[PDB]
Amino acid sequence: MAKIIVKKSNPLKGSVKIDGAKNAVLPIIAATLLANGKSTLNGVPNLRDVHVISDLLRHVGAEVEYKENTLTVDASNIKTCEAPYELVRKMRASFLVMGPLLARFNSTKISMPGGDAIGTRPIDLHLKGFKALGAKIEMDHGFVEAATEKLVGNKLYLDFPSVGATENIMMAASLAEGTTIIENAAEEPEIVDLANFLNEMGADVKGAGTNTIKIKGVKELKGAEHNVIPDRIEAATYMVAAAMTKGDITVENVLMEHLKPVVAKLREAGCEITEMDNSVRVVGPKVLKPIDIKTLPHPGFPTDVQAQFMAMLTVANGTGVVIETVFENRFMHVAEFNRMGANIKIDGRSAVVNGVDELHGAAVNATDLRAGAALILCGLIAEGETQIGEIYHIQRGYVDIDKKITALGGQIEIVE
């Protein structure tokens, strides 16, 4: 079955355009279910996960059409409010339809997500929020059911600033009676994008991007047209690629405000970075300086760039420590990096990376979306050739990584 073949490459040089954010568009697609009319989403990335959630919207009876990076949803005449086991198992972001469906129908039944490659990942804080809004919660044979005679706005505190729980509860709150206050809200840029979309549909959401979100519920929302924000994680991936290959890459159609920790840490590692209004230039250093990273809720260092930064550190000039505070098990890639000659030792949530002279190409497997991209970055600097398996992990969340890296001068091909 299919492989990505990467060879030892020249320093990457040129421009790369970044696609629309996967993690902005998935919650915004769920949010289209809130509205009694037709939404138009522009800058949608052509990714399998976008097409899976589209099929979940079709399952509940929305009219969905995709072409040329535009998705339209007519949720006027939704029929059903159950998300079946197969769709939630394909893509756990399926769970983000629970808030809108509860808000629209006052009842919903959603398959509970199971095991995940990067950790246990419970959805208790989502349920906490729905209960605070007056929903009664029951489990039935792997499904979570939430139902109420009417959602009522209430104050609630998030024990952790969960992205998904913030999104699900903001969407449920948008049609509740009265005012909801989410305390200790996630501050991620995708939260702001979602809130902006809800306000475009006629909602009243204030404070997104701060620690407190206030939602004043409205009776009805209407379809709206929205431009999704750029993918800050894809942008960061190409920025790391410039750092690791001693390259010179201009990343186009980005928002620097969303990349601050990645810019800071790449500068600490020795990159020269030029921030512009719609683009950033990254010049890799001749010697990578070892740095430590600690993943945290935004605007701390993002867990979605942890594997990529770890790959950079495998050839840094000394010892770097990577601490993962956000996910339990997000070190599955370490054994694959070690197959390529890295020197990485883990205990608990910390990995000690002892820089080596060079990586060596080897047969490796993608374990998840972001680690698979980290393996491509390893492959560009590893002596010889690297063959990466289980490539569906990568292909589901990066648009045409083979074409984009090829245009920057790298040696990469997908063999089917």
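Quick note: we count residues from 1 along the sequence shown, nothing fancier.
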property	result
Higher-B stretch (mean Cα B-factor, as the entry records it), 67-75 or 94-102	67-75
Residue stretch of maximal mean CA temperature factor, 373-381 vs 29-37	29-37
Top Cα B factor in the deposited entry, candidates 137, 296, 262, 334	137
Top residue by Cα temperature factor, when 152, 235, 305, 165 are compared in the entry	152
Residue 396 - which third its CA temperature factor falls in, relative to the rest of the chain	highest
Record-listed C-alpha B factor of residue 61: chain third	highest
Cα B factor band for residue 184 (lowest, middle or highest third within the chain)	lowest
Chain-relative CA temperature factor third for residue 314	lowest
Residue 323, C-alpha B-factor rank within chain (lowest, middle or highest third)	lowest
